[PDB]
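Engineer: Before I ask anything, here is the structure I am working with.
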Amino acid sequence: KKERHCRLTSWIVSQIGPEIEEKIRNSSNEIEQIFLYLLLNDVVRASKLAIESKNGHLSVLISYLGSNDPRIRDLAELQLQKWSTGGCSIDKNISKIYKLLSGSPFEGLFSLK
Amino acid sequence: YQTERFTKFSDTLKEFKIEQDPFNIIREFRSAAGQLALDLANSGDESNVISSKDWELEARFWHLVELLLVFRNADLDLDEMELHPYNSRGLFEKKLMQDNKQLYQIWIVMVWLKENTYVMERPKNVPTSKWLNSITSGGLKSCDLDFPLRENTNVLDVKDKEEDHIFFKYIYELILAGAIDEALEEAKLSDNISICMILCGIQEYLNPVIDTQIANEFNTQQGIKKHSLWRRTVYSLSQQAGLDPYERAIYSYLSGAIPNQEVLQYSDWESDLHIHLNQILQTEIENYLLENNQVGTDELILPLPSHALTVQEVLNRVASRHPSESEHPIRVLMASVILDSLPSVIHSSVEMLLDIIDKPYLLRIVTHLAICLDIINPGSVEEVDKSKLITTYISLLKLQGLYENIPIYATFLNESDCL
């Protein structure tokens with residue numbers, strides 16, 4: 001199952017590759033780029049850009065993407081509800097990334113749909 | 001009454017020679033010293049706080065001794081672990097700790113170090129929620145930890161920083177004490193979910209299904225696959241300023257690094273030594289993993305040092321960094337035990353009877369240690385050295401007027417004839 005999954009996801013990344021690379025070409029915001037790197041299933045370059053753009057905590061958080069740690073899942077979702085109940089303002093792409101950590105990015109209440 | 005002390009130690013020896021396992025002797029020695037540590041400590045002349053600490057220290061020494069000699073001596077050799085390349089890093093880490101006793105010893109010692117680490121009391125009046133002050137002032141356009149890093153720290157309210165300081169310091173003390181569960185609980189409950197998440201990266205990846213040989217300890221995969229990455233990610237985070245010094249300190253400890261000066265300046269012999277053994281350990285694991293191609297090249301984001309120190313050298317450095325503390329006579333024994341150069345030091349302090357007489361605990365401790373050693377490892381301390389040690393301690397049992405319990409100590413020579 002893991003093998004099959006890895007090949008499928010490497011392939012999908014082969015397909016979406018140029019689309020996203022175009023999008024990264026045109027972004028004017030670093031956190032958005034970090035998100036797009038997550039769109040290419042490149043956890044490491046997201047982590048690196050985070051680091052570089054001085055977004056370090058996020059960077060650490062990013063390193064969890066692809067371990068399915070349910071603790072992290074429910075914590076990320078929790079953070080999202082707390083924001084989506086008051087939370088005067090949260091950056092549009094940080095919330096997207098948290099939603100990825102939630103494990104249910106459309107299935108959701110901060111939805112990437 | 002307290003001038004009972006020798007009895008307690010003597011008492012333990014009685015019980016041992018009489019139920020005719022010897023590790024209990026030492027365990028009791030520990031408890032004995034600890035009990036005494038409490039006595040001199042509670043209500044006392046401020047001349048007692050000193051000898052109270054010399055008893056607490058005494059106790060820690062007996063504990064360290066128990067731990068190490070138990071592992072070294074109760075060594076009855078188990079079954080080797082057969083890994084495959086498909087196996088997770090988690091298993092390789094475990095294998096490493098099984099096969100390499102030199103290094104596991106480092107673990108044992110770190111465990112002991114943590115055991116005896118001070119932690120502040122849990123911060124009271126902690127606020128409902130994170131960065132609440134900044135949010136309320138308006139000006140947090142994003143509520144994520146990295147926002148004031150993306151652009152000037154002027155974003156965060158003073159009080160918020162002050163509280164982040166309280167938090168990160170408390171978490172740091174808990175981490176140095178081994179209290180990882182408590183740290184995660186604090187993170188969760190104090191609305192520091194993202195920091196919590198950071199603390200979760202501490203584990204190497206295991207999958208009970210693949211890594212069969214731990215399908216007992218686990219029912220579910222856990223830990224994080226791209227750990228060399230995680231580790232560089234954390235270390236880099238640790239080097240980024242505009243973070244609280246304790247937060248950076250935390251990430252330093254997690255990356256197997258040495259925390260910033262602002263925090264390290266307050267670390268004592270134990271704390272500092274701990275920090276550097278942690279470094280040895282971290283480096284050694286990551287090297288073990290590289291020698292077995294279980295690290296992927298993509299993850300080598302950044303340079304971390306690859307050269308592990310030896311426990312010998314760490315001790316020498318930490319020593320020169322804490323000379324006063326280093327030189328304290330039971331902490332010398334602590335190191336002596338750590339390096340195994342222990343009969344070595346026995347025979348030594350023996351020749352210092354030929355400024356050991358000036359401090360009272362010493363002559364006792366060395367004697368009872370020598371006894372324990374030759375009990376557990378017959379041959380351990382030179383016959384002569386036992387003779388000399390007991391001779392001198394006995395003459396103090398006489399100077400204290402406790403002739404009553406001299407026969408017990410006699411049970412180790414035909415020289416006893418002469419009493």
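Identifiers for the structure tokens are assigned positionally: chains receive A, B, ... in sequence, residues are indexed from 1 per chain, and ligands are indexed from 1 in the order shown.
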Residues of chain A within 8 Å of chain B, counting only C-alpha atoms - could you list those as a compact mmCIF listing (two decimals) with N, CA and C atoms, in the first residue's frame?
Structural biologist:
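Here's the written file part12.txt:
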```
# COMPACT_ATOMS: atom_id res chain seq x y z
N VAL A 44 10.21 19.59 2.17
CA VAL A 44 11.49 20.18 2.48
C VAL A 44 11.73 21.62 1.95
N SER A 47 9.63 23.96 4.02
CA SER A 47 10.31 24.14 5.29
C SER A 47 11.47 25.13 5.11
N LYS A 48 12.18 25.02 3.99
CA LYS A 48 13.37 25.84 3.76
C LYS A 48 13.03 27.29 3.51
N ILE A 51 11.90 28.83 6.68
CA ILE A 51 13.12 29.18 7.40
C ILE A 51 13.69 30.51 6.90
N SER A 53 12.37 32.91 4.87
CA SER A 53 11.47 34.05 4.92
C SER A 53 11.15 34.34 6.37
N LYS A 54 11.87 33.65 7.26
CA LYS A 54 11.91 33.98 8.67
C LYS A 54 10.67 33.40 9.31
N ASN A 55 9.90 32.65 8.54
CA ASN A 55 8.84 31.86 9.15
C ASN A 55 9.24 30.51 9.73
N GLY A 56 9.88 30.55 10.89
CA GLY A 56 10.50 29.37 11.46
C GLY A 56 9.60 28.34 12.15
N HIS A 57 8.64 28.82 12.94
CA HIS A 57 7.70 27.93 13.63
C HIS A 57 6.91 27.13 12.62
N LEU A 58 6.41 27.84 11.60
CA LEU A 58 5.62 27.24 10.54
C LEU A 58 6.51 26.14 10.00
N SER A 59 7.72 26.54 9.61
CA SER A 59 8.72 25.62 9.10
C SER A 59 8.72 24.32 9.88
N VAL A 60 8.75 24.41 11.21
CA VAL A 60 8.82 23.20 12.02
C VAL A 60 7.54 22.40 11.76
N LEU A 61 6.41 23.09 11.84
CA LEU A 61 5.08 22.50 11.67
C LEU A 61 5.01 21.72 10.35
N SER A 63 7.22 20.22 8.72
CA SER A 63 7.92 18.93 8.76
C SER A 63 7.01 17.74 9.11
N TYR A 64 5.80 18.02 9.59
CA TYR A 64 4.87 16.95 9.92
C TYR A 64 4.08 16.44 8.73
N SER A 67 3.49 12.63 7.78
CA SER A 67 3.36 11.69 8.88
C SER A 67 1.91 11.90 9.30
N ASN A 68 1.19 10.86 9.65
CA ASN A 68 -0.23 11.12 9.79
C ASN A 68 -0.64 11.31 11.25
N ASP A 69 0.21 11.99 12.01
CA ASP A 69 0.15 11.99 13.48
C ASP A 69 -1.18 12.58 13.96
N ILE A 72 -1.26 15.85 16.01
CA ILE A 72 -1.00 17.04 15.22
C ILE A 72 -2.25 17.44 14.44
N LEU A 75 -4.85 18.92 16.81
CA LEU A 75 -4.31 20.18 17.30
C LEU A 75 -4.44 21.29 16.24
N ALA A 76 -4.08 20.96 15.00
CA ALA A 76 -4.16 21.91 13.90
C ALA A 76 -5.62 22.33 13.73
N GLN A 79 -6.65 24.73 16.52
CA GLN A 79 -6.12 26.06 16.30
C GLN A 79 -7.01 26.79 15.30
N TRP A 83 -9.25 30.20 15.83
CA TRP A 83 -9.17 31.37 14.97
C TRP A 83 -10.57 31.68 14.41
N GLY A 87 -10.65 35.11 16.45
CA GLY A 87 -9.40 35.29 15.72
C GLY A 87 -9.24 36.47 14.79
N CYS A 88 -9.09 37.67 15.35
CA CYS A 88 -9.30 38.94 14.63
C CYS A 88 -8.82 38.92 13.17
N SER A 89 -7.71 38.22 12.92
CA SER A 89 -7.13 38.10 11.58
C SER A 89 -6.02 37.04 11.59
N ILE A 90 -6.08 36.12 10.64
CA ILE A 90 -4.98 35.18 10.40
C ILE A 90 -4.64 35.22 8.91
N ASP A 91 -3.35 35.26 8.58
CA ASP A 91 -2.89 35.27 7.19
C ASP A 91 -3.58 34.18 6.38
N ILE A 94 -1.38 30.88 5.86
CA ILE A 94 -1.05 30.13 7.07
C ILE A 94 -2.23 29.25 7.46
```
Engineer: Mind checking DSSP for range 152-197 of chain B and telling me the alpha helix (DSSP H) residues as a PyMOL selection string?
Structural biologist: chain B and resi 158-176+180-189+193-197
Engineer: Give me the residues near residue 29 in chain B as a count of residues only, where near means some atom within 12 Å (using only C-alpha atoms) and where sequence neighbours in that chain fewer than 3 positions away do not count.
Structural biologist: 36
Engineer: One decimal, Å: what's the distance from CA of residue 408 in chain B over to CA of residue 360 in chain B, could you say?
Structural biologist: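 Rounded to one decimal, the two atoms are 20.6 Å apart.
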Engineer: Return as a PyMOL selection string the full set of residues in range 155-242 of chain B whose backbone-based DSSP assignment is strand (DSSP E or B).
Structural biologist: chain B and resi 204+206+222+224
Engineer: Would you list the contacts of residue 121 in chain B as a list in words, taking every protein, DNA or RNA residue within 12 Å and counting only C-alpha atoms, but skipping same-chain residues closer than 4 positions in sequence?
Structural biologist: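 So, after excluding close chain neighbours, the residues are residues 166, 167, 169, 170, 171, 173 and 174 of chain B.
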Engineer: Please provide as a list in words all residues within 12 Å of residue 108 in chain A, with the sequence filter that same-chain residues fewer than 2 positions apart are discarded (counting only C-alpha atoms).
Structural biologist: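 The residues that qualify are residues 77, 80, 81, 96, 98, 99, 100, 102, 103, 104, 105, 106, 110, 111, 112 and 113 of chain A.
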Engineer: What is the distance between CA of residue 110 in chain B and CA of residue 202 in chain B, in Å to one decimal?
Structural biologist: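 Distance between the two atoms: 16.3 Å.
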Engineer: Please, what distance in Å, to one decimal, runs between CA of residue 214 in chain B and CA of residue 287 in chain B?
Structural biologist: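 Distance between the two atoms: 22.7 Å.
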Engineer: Pick the closest to residue 97 in chain A from A:70, A:41, A:31, A:52: which is it, counting only C-alpha atoms?
Structural biologist: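 Nearest candidate to residue 97 in chain A out of A:70, A:41, A:31, A:52: A:31.
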Engineer: Name the residues in contact with range 413-419 of chain B at a cut-off of 8 Å, using only C-alpha atoms, excluding same-chain residues fewer than 2 positions from it; report them as number ranges by chain.
Structural biologist: B: 387, 410-411
Engineer: Looking at only C-alpha atoms, which of B:186, B:21, B:404, B:351 is the one that sits closest to residue 388 in chain B?
Structural biologist: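 Closest candidate: B:351.
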